[PDB]
Amino acid sequence: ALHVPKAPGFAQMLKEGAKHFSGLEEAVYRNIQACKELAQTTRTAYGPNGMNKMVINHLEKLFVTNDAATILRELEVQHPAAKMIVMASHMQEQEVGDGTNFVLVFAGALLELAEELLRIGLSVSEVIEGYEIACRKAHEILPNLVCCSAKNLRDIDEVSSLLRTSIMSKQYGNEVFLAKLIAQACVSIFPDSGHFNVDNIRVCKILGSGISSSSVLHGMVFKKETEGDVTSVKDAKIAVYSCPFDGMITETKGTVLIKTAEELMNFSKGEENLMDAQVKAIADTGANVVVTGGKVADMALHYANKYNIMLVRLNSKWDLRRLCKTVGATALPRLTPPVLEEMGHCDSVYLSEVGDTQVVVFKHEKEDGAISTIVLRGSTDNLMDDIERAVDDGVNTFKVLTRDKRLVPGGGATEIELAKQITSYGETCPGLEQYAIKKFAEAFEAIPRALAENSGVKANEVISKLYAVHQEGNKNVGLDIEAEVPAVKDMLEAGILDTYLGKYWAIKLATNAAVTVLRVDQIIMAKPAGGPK
Amino acid sequence: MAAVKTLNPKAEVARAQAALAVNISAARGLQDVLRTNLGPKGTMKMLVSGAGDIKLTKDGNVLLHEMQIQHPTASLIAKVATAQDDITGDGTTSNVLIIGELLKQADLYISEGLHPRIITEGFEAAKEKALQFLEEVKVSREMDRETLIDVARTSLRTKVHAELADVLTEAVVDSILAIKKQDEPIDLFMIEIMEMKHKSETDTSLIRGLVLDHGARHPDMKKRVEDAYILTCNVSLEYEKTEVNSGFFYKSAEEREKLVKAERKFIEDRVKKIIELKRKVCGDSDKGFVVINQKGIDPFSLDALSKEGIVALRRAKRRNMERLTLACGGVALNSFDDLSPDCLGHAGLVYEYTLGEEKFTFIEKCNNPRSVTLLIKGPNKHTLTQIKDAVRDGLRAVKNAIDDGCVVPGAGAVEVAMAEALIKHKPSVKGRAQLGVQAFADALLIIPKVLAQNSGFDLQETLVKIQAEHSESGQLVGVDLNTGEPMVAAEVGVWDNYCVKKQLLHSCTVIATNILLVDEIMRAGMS
Amino acid sequence: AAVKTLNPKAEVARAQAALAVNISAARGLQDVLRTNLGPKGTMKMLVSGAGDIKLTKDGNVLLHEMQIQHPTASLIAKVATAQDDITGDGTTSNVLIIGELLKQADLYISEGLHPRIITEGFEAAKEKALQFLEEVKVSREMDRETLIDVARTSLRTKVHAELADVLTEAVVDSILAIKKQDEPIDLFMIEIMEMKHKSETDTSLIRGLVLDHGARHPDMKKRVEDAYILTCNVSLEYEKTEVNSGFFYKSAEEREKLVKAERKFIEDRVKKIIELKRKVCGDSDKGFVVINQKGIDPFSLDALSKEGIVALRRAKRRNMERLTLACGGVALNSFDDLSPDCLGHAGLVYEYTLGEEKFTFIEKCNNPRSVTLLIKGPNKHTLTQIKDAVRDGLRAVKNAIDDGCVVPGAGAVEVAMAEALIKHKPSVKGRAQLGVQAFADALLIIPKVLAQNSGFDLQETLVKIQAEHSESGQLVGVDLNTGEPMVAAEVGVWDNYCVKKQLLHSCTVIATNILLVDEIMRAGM
Amino acid sequence: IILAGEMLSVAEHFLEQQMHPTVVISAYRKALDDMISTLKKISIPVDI
Ligand SMILES: Nc1ncnc2c1ncn2[C@@H]1O[C@H](COP(=O)(O)OP(=O)(O)O)[C@@H](O)[C@H]1O
Ligand SMILES: Nc1ncnc2c1ncn2[C@@H]1O[C@H](COP(=O)(O)OP(=O)(O)O)[C@@H](O)[C@H]1O
Ligand SMILES: Nc1ncnc2c1ncn2[C@@H]1O[C@H](COP(=O)(O)OP(=O)(O)O)[C@@H](O)[C@H]1O
Ligand SMILES: [Mg+2]
Ligand SMILES: [Mg+2]
Ligand SMILES: [Mg+2]
């Protein structure tokens, strides 16, 4: 009478390390608690007043940032429900580029309120149906909340003003300068064709001079040196070769069969003459810069130096393709001289040193080109990485604006308006789904609440003021960051705007993740065993 | 203790009633776990692997495979369910439930001193009668689109969310009707199932063509060709080494260059054959070639093809040869010795889609494709896996319905009627096998019980309501999962595959009979 | 679970797991103890850790001697222990009925029924069953024949047939001897002495006492025909002063005088005994036996033997009352005022030597109100088995005497009760009819187990018996030799009414409590 | 036990909303006083 045996049936047949959780308390409440914990971990990094977190992964690498997706990626999340929410956040990052923290916070609030509803008496099916109805209502409402449109994407000032809000959450203090940089870089790209490519914006991180010294270059920068003696060309005529800069050899097996003394004495001289002829044929087309994707032979280098030809050796084929795009050359597969169509052109190619790193610069004087690069300076590697993350967020925002030009007021104004309208709609709806609809509406309060908490004010006063102001009829009013007391101000005139498409996708994904978590009723976890990767 | 333990000391043995107790306990445990899967109102289970992969599922076979169980009887039942899934593609949870209830009902009499042999004899007599009744009750009907839609709904609603099921029904029925040749067996290999991971779950749809998970490897090839000729080939266009160890011998750099230029003549001949065919077929820029190759293409040949405005794909799947020849309508070529415009397929639109680091090529707007693809879209990997399993079940269900014109009313109506018929037939069975017949009928009654239980209603009261309605009316009334009242499953549209029911009866009876007759379990292969 | 979070080293079974665990344990106990029921049951060998051998088919002994560490097993063991302590019979039936009640209840619970409805049905069925038991009991005058029938019905189920036949006469005669009209029966007045020198059939009843100790001084007589019994509780050995006396002398003569004078206190009481003996019997024909609860030192033994007095020392405390009731004297704690009227009389006293142990027999009493049973057997385990059997038989006969009623056995009463419960079932509202049916089926386990142990088949035998009962209305049981229905009253298979009532009450209560347990939890560490 | 658990559960909501525990404690004490008052008000007498 001192031991409780395992119940007969499945409990006894379970494996040695496996776990089985079933029912509300064992499974659903535990999943909700785990998701709430994850949301709490990421909550403090939300908004302009969000705080960076220094995360060290299993490889002893240091990450400091407030980008929610990066933080979740570097955290070794183990609880499977939190894993599902992290997958939702990563999907939001991949689809849009911003709103990962919104997805996480909204999902956490939804799951918390779902636990509340389950405790007061509702069933899982009713809560799920209520959330689905409320999500449909929110997606219907949102297009009516659009305040203005981009209406121009070739203007530097307009694009910078549009992109300021996206890169104000990260790098709050100095966002105008970064906005101008990213606006110039994006306007260089995005030709008359409506298609915009994110990969056409390259980022080069050169350490030392503070991030205020960063600039935008219409071309590319490679952190390497020239093979030859020539180190500067002012009327570049780049000829790109994907093959090694050496005499091509057979593919099965090549052996030099010598049968007489004369052949032995003439072989090396003939090979050298052939290489010289090939290099001179290349040079006679006017080409003065040669870019090769492979190694450079010594004889080829010597003959290129004789004919005053600049040699650059690109290790990665991705860089070779990007250079071909940005110059206008075709990567030849042999050592044949390039025809006039395949010959690339650039305004200036030269070797230069920035800080203590030698770089090769392919610079265009024109305000155009397929590929543009941003040279990031700074006093720390981590700082430059964070600035690069902010640049990526801004570029993704520009891409979204190209896809959809509609914008909604930021600073929690859209969330408060959505909450108010969904609460109004849910009151008219009878049945047991009204509780779920009202909780879905209330879950939108977590965004202004997080903003107010991070700004250091009382969230409740801010939310009450927002409801009041939206009650008179101002739907473009959000909280004011630059105030020590809870206060609100108009966001349309302040320019604090976030993309409509981002909000739409974030709401959809967060709702889907919360519903998917709620649908689970049993968990059968296998023995963790190993799995290093 | 026993003989085996005497001969082999490190042996585990269960004898006489111990074997029956062990087997019945294992069956009861499996049944207790799988009770909650049955029906569209069943609960969704979450499975985490050792590596941490998350799988949301409701399928009985999928759940059984991902169980953390090492029991022998569980292994036997899992094998039976695996066979059921392999052949009919549905009814795994019903299989497990019926086996467990058969064993429980048999034990209910065996514990009263009755021998298992009599129970098995009653089981086989009841199975014969039940098969006769199922033959009587099936609804032979030519199946237009509506009946197939009803069957696909009856499966997919049980597998996934209602709205996702509504989309998947149209998808699966249209695909099956597209690939179905007249009075010919349906080849399910001709429906490619491709997963993309960017849109929502309801964005999955049917493409009247083909989708390939790879794209052109040359940046200069066209990303979208409006009018396209299709060349499906199984010829390697990359460099090939001689089988008999050739090696090259030269005495000068010029000779080496000559040998290098002349070592690609063999491949260049085939490339120029393709180029000549393309120039003969289309002399303008309106049309174009898409060359899908099962074998690789080296960069030289890719460049040579791109210079002529030809998009080429390499390393295609083996099944894609048949799929393209059935969709585009060309001829798969293993050599270019005699290639003519008549062997070229056609496609009304070919374009490439980029998703992250993966390329997808769409071959659609075919004339009358006999092979289509089901593009599965979702935000999560586990969502994609769940949709793929549901689509497999729906495809199997629709194909099963097409195979035989009959279809069986669902919602447990058939089991209720079968149990009543067995009870009526019981006096005709001579001897104590009437006990086995009664046990078989009560075991068949498990499906409405579990359906009513999962729907939240009372079990016994709902079942007696259904049985009373069926007895007084004679109709095939099932369980209405919304109200618990009797409902005519035929009129509403809750249909079940006749082959699935027949397989359930046969396999469940066979395995239960074999298990009941087991009187010893031995593990003495060690040492 | 919630509990495991507070205490990580806690074992918890919750919801259906608790029911499964409890019912599995009950079924295991039932499966073990099925084979015990009825005279056709099977002997069980019980070997302890030290190697002791016990042969028994008693339910309580078997329950205590299995190696079980289960909570439900512990609860059922406590219930059976109470049953044995109060009534002395029905432990095996207790376990069987509890197990069958839980099994029948689970048969309906697994269909989604809530256990509360089952317990309500159990309560209603128990009330109706007690009413029927009151209606069916047979009030009789407990003569010798009826008591013999009851004793046989117990002993035949506990031991071999011929041994049971001997023990019937022994038990019935002892109970009739010690029982005073209109007075509760004191079973402490029946001494159970065991000897290990002859066959098991030599167990008999002695109209007196047998003492496990004999005379210590060799010169005392080994056999006295007519004796006066002096039952006393007075120390006859040297006693030390309570206040640390000590002796002080100055010569050897003084030491001798002090040695002689220090025995005067005990010598006075010895002289009192001797003078009383001389006054009572002035010849050598009569005898004098002194049975003392306290010790007697060798000096006093020698002094008594010089007068031809048999003296026994360190007797059992109960033997004072037993000798007072049998011989008829009075137990004395002092010799201050002793008269020839304080002496009991015995018509024969003799000593029997068995190996290293000696026994004293006190027979031929006038009207012994306290007797002894001499268990005899060649083995220790045989003696233990006979002791358990005679305990059960004495309890059965005492129960039969206590209330003038007795119930027909052989499973007849359970069959009739089940039929009456089924007939009464429609009168019960709600779904408690399911609990009533479960209770009736649980009650039907006794004829089923009897049929199995007799070697027949359950269903056919049970339907034959039920059909006979329905057609005739008589109390028909199970004929363990033919399997046919048989009237238990006519053949003499009787059961104690108190035992049946206790069975019903205890089984219903424990089953109701177990069915209502939804969590088994061990978090005391 | 149930009441104490529920009161702590509902106080956690306020502790997570930048409310100092002393305010919650004062509110709870006022609530307890009014609970005592109401319970005494709705009581009924009994003759033993
Ligand atoms: N100057 C500002 N004043 C008030 N709110 C702002 C301001 N800039 C940005 N926000 C708000 O910050 C939120 C963005 O938070 P962020 O840290 O970018 O999370 P995510 O990256 O998940 O979008 C937006 O909802 C926006 O309304
Ligand atoms: N809409 C519905 N209403 C009532 N019963 C249904 C409905 N859909 C399906 N059913 C019944 O529920 C059962 C579903 O079984 P299912 O969960 O698919 O088990 P398996 O996967 O083993 O086939 C079928 O037998 C069918 O008769
Ligand atoms: N000679 C007999 N013929 C038929 N039935 C009998 C006979 N003797 C006893 N029985 C039945 O067998 C049962 C014996 O139970 P028993 O082994 O004494 O269990 P317990 O020791 O727990 O009382 C009694 O209920 C009685 O009705
Ligand atoms: Mg952001
Ligand atoms: Mg199915
Ligand atoms: Mg007994």
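Counting starts with 1 at the first residue shown.
Keep in mind that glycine also has a Cβ here, set from the backbone N, Cα and C atoms.
In three-state terms derived from DSSP, A:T100 (ATP binding site) belongs to a helical segment. Per Swiss-Prot, ADP binding site is recorded for A:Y46, A:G47, A:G99, A:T100, A:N101, A:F102, A:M168, A:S169, A:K170, A:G411, A:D498.
Annotation note: A:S169 (ATP binding site) sits in a coil segment as assigned by DSSP. Marked as ATP binding site by Swiss-Prot on the basis of experimental evidence: A:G99, A:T100, A:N101, A:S169, A:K170, A:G411, A:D498, A:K503.
Contacts of A:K223 (SUMO2 cross-link) defined by a Cβ separation under 8 A and a same-chain sequence distance of 6+ are given as A:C204, A:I206, A:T357, A:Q358, A:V359, in order along the sequence. The feature SUMO2 cross-link is assigned by Swiss-Prot to A:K223 (among others), with a large-scale study or a structure entry given as support.
Other C-beta atoms found within 10 angstroms of the C-beta of A:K253 (SUMO2 cross-link) number 12, with every protein chain shown included. The annotation SUMO2 cross-link is assigned in Swiss-Prot to A:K253 (among others) on the grounds of a large-scale study or a structure entry.
Summarising the environment of A:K259 (SUMO2 cross-link), the number of other Cβ atoms within 10 Å of its Cβ, over all protein chains shown, is 8. The SUMO2 cross-link annotation in Swiss-Prot covers A:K259 (among others).
Swiss-Prot lists A:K458 with the feature SUMO1 cross-link, giving a large-scale study or a structure entry as the kind of evidence. Less than 8 angstroms from the CB of A:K458 (SUMO1 cross-link) sit A:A452, A:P486, each of them six or more residues away in the same chain.
Residues or ranges marked as SUMO2 cross-link in Swiss-Prot: A:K533 (among others). In sequence order, no residues are near A:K533 (SUMO2 cross-link), counting only same-chain partners six or more apart with C-beta under 8 A.
As annotated by Swiss-Prot, N-acetylalanine applies to A:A1, with the evidence given as experimental evidence. For A:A1 (N-acetylalanine), the count of additional Cβ atoms within 10 Å of its Cβ stands at 14 [all protein chains shown].
Remark: A:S22 (phosphoserine) has A:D521, A:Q522, A:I523 as non-local neighbours, by Cβ distance under 8 Å and separation of at least 6 in sequence. Look at A:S22 (phosphoserine): DSSP puts it in a strand. Residues annotated as phosphoserine in Swiss-Prot: A:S22 (among others).
The phosphoserine annotation in Swiss-Prot covers A:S161 (among others). Under a cutoff of 8 A between CB atoms, and with a sequence separation of 6+ in the same chain, the neighbours of A:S161 (phosphoserine) are A:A179, A:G495. For the recorded site, A:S161 (phosphoserine), the DSSP three-state label reads helix.
Classification of A:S212 (phosphoserine) by DSSP places it within a helix. Every protein chain considered, the tally of other Cβ atoms within 10 Å of the Cβ of A:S212 (phosphoserine) stands at 10. Per Swiss-Prot, the feature phosphoserine maps to A:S212 (among others); the stated evidence is a large-scale study or a structure entry.
Following the DSSP three-state reduction, the secondary structure of A:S268 (phosphoserine) is helix. Per Swiss-Prot, phosphoserine is recorded for A:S268 (among others), and the stated evidence type is a large-scale study or a structure entry.
For A:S316 (among others), the entry in Swiss-Prot reads phosphoserine, with the evidence type a large-scale study or a structure entry. DSSP assigns A:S316 (phosphoserine) to coil in the three-state reduction, placing it in neither a helix nor a strand.
With a cut-off of 8 Å between CB atoms and residues at least 6 apart in sequence, the same chain places A:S242, A:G293 near A:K317 (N6-acetyllysine), listed in sequence order. Summarising the annotation, Swiss-Prot assigns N6-acetyllysine to A:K317 (among others).
In the three-state DSSP assignment, the secondary structure recorded for A:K399 (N6-acetyllysine) is helix. As annotated by Swiss-Prot, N6-acetyllysine applies to A:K399 (among others), with the evidence given as a large-scale study or a structure entry.
Annotated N6-acetyllysine per Swiss-Prot: A:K465 (among others), in sequence order. Long-range Cβ proximity for A:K465 (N6-acetyllysine), meaning a same-chain Cβ under 8 A and a gap of 6 or more residues, is found for A:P486, A:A487, A:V488.
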Which residues, sitting 6 or more apart from A:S169 (ATP binding site) on the same chain, put a CB under 8 Å from its CB?
A:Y46, A:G47, A:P48, A:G50, A:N66, A:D393
Taking only the recorded positions A:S212, A:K253, A:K399, A:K503, which one has a CA atom nearest to the CA atom of A:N101 (ADP binding site)?
A:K503
In angstrom units, rounded to an integer, how far apart are the Cα atoms of A:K253 (SUMO2 cross-link) and A:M168 (ADP binding site)?
61
Compile a sequence-ordered list of residues in the same chain as A:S316 (phosphoserine), six or more apart from it, whose Cβ lies below 8 A from its Cβ; state 'none' when nothing qualifies.
none
For a quick check of understanding: given the listed ADP-binding residues A:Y46, A:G47, A:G99, A:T100, A:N101, A:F102, A:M168, A:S169, A:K170, A:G411, A:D498, what is the maximum Cα-Cα distance in angstrom, as an integer?
16
What does the structure give for the C-alpha distance between A:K259 (SUMO2 cross-link) and A:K503 (ATP binding site)? Integer Å is fine.
78
I'm trying to understand the geometry here, so how far is the Cα atom of A:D498 (ADP binding site) from the Cα atom of A:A1 (N-acetylalanine), in Å to the nearest whole number?
66
Which recorded positions from the set A:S22, A:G99, A:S169, A:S268, A:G411 come near ligand 1, judged by a Cβ under 6 Å from any of its atoms?
A:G99, A:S169, A:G411
If proximity means a C-beta under 8 angstroms from chain C, which of A:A1, A:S22, A:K317, A:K399 count? These are the modified residues.
A:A1
Recorded positions in contact range of chain B, given that the Cβ distance is under 8 Å, out of A:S169, A:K170, A:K253, A:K317, A:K399, A:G411:
A:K253
Of all listed recorded positions, namely A:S22, A:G99, A:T100, A:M168, A:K253, those lying near chain D with CB under 8 A:
none
Looking at Cβ-Cβ distances, which residues of the chain lie under 8 angstroms from A:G411 (ATP binding site) while being 6 or more apart from it?
A:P448, A:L451, A:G478, A:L479, A:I481, A:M491, A:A494, A:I496
Fewest other C-beta atoms within 10 angstroms, as judged across A:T100, A:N101, A:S268, which are the recorded positions:
A:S268
Greatest CA-CA distance (Å) over the residues A:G99, A:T100, A:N101, A:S169, A:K170, A:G411, A:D498, A:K503 that the record ties to ATP?
18
Residues that sit under 8 angstroms from A:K503 (ATP binding site) by C-beta distance, when 6+ apart in the chain:
A:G99, A:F102, A:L142, A:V408, A:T414
